[PDB]
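One structure is given here, and the rest of the page talks about it.
For neighbour counting, all protein chains shown are included, and Cβ atoms are generated from backbone atoms with ideal geometry for every residue, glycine included. FYI, it's all coordinate maths here, none of it is from the lab.
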Amino acid sequence: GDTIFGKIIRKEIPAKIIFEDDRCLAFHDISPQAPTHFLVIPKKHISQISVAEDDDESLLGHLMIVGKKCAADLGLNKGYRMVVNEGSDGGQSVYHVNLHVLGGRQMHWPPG
Amino acid sequence: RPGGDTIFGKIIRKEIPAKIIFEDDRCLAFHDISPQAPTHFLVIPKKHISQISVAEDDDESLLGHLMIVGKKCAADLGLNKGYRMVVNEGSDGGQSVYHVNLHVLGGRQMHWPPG
Ligand SMILES: Nc1nc(=O)c2ncn([C@@H]3O[C@H](CSP(=O)(O)NCCc4c[nH]c5ccccc45)[C@@H](O)[C@H]3O)c2[nH]1
Ligand SMILES: [Cl-]
């Protein structure tokens, strides 16, 4: 089923885009939890990490490499936290795989 | 020594004990000694990478493999209601061991924000 992130990929609703390529999109989160809080998502609709296939390995790693490169470009020189949520207990809010990157403040422990 | 001399390199080489869940030629999954959830484990590469901010472009498949292994281990451990994956970078991220590691936390409701 389509999600709001599909609409963002298709440019049907606005988002503040940080980076795009042929296979992923990075954009600022609409409900930021840190001074910098953005998402990196694949253009392929994988609904949740639990259903990712083995052949998706390089794509998932691509999200992390894009995320760390975007974090550097956004000035997160003191560090950041990357998060993927799965399901109800994980607090997943949109059923399209999305890598959160949060920084610009001290991130605390436990991570939720 | 392959893997480095952080605690995680020692664990990779069986020089310090750990409760191992899964092991292959690229990574190792093992339980966290200070769990923050009823199930809390780590997935680490066997290749030493100090932190995600210095990972190389050719590390993409390895980093993705950590997540695939993480989700497969989570299923094997019965985390059917979900879980959260975390990577900490640098001081603001809360990094304390400079060997890349992916946390998997589940068995309770995780809250927002994630720290
Ligand atoms: N099985 C096992 N054996 C060990 O010898 C050992 N030593 C550390 N750890 C666990 O590694 C995990 C990952 S380190 P990180 O850089 O993501 N910082 C994570 C927050 C953080 C900042 N400072 C800290 C101090 C203590 C614990 C966590 C913290 C932590 O969650 C340790 O618990 C171990 N696990
Ligand atoms: Cl989410």
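Which of B:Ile52, B:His65, B:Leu105 sits farthest toward the positive end of the charge dipole of segment B:44-115, with +1 on the Cβ of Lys and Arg and -1 on the Cβ of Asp and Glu?
Result: B:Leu105, furthest along the dipole toward the positive end.
How big is the gap, in Å, between the Cα center of segment B:57-115 and the Cα center of segment B:38-54?
8
If the reach is capped at under 26 angstrom between alpha carbons, list the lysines near B:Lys14, excluding any in the same chain fewer than eight residues apart.
Reachable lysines: B:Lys46, B:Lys47, B:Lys71, B:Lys72.
Taking Cα pairs under 8 Å and at least six residues apart, what relative contact order does chain B come out at, in percent?
29
Rounding to the nearest 20 debye, state how big the charge dipole of the protein assembly as shown is about its Cα centre with +1 on each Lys and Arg Cβ and -1 on each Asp and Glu Cβ.
620
Under 20 °C and 1.002 mPa s, how fast does chain B diffuse according to Stokes-Einstein, given a Kirkwood radius computed over C-alpha pairs? Answer in µm²/s, whole number. Please report the intermediate quantities before stating the final value.
Details: Rh = 14.4 Å.
Rounded, D is 149 µm²/s.
Size of the dipole of chain B about the Cα centre, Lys and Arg at +1 and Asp and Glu at -1 on the beta carbon, nothing else charged, in debye to 20?
Values: 13 positive and 14 negative charges, 116 e Å.
Result for chain B is approximately 560 debye, rounded to the nearest 20.
What ³J(HN,Hα) values, in whole Hz, does the Karplus curve 6.51 cos²θ - 1.76 cosθ + 1.60 give for segment B:66-83 when θ = phi - 60°, with x put for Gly and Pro?
Taking θ as phi minus 60°, the curve returns 4, 6, 5, 4, x, 6, 5, 5, 4, 4, 5, 8, x, 7, 6, 8, x, 5 Hz for segment B:66-83.
Whole-Hz Karplus ³J(HN,Hα) for segment A:29-35, in order, using 6.51 cos²θ - 1.76 cosθ + 1.60 and θ = phi - 60°, x for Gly and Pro?
5, 6, 10, x, 9, 7, x
If packing is taken as the mean number of other Cβ atoms within 10 Å per residue, what is the order of B:78-90, A:10-22, A:99-111, highest first?
On the way: B:78-90: 22.6, A:10-22: 11.9, A:99-111: 20.6.
By packing density, highest mean first, the sequence is B:78-90, A:99-111, A:10-22.
Under the definition of partner shielding as Cβ atoms of other protein chains within 10 Å of a residue Cβ, what is the mean value for peptide A:11-18? Let's see the in-between values first.
Numbers: counts 0, 0, 0, 0, 0, 0, 0, 0.
Mean shielding by partner chains, rounded to a whole number: 0.
Determine Rg/Rh for the protein assembly as shown; Rg is computed over alpha-carbon atoms and Rh is the Kirkwood hydrodynamic estimate from the same atoms. Each step should come with its number before you reach the end.
Working: Rg = 16.3 Å, Rh = 17.4 Å.
That ratio equals 0.94.
To the nearest whole number, what is the average tally of beta carbon atoms from other chains within 10 Å of the beta carbons of peptide B:49-59? Mind showing how you got there, number by number?
Details: counts 0, 0, 2, 9, 8, 1, 5, 1, 4, 2, 3.
Per-residue shielding by partner chains comes out at 3.
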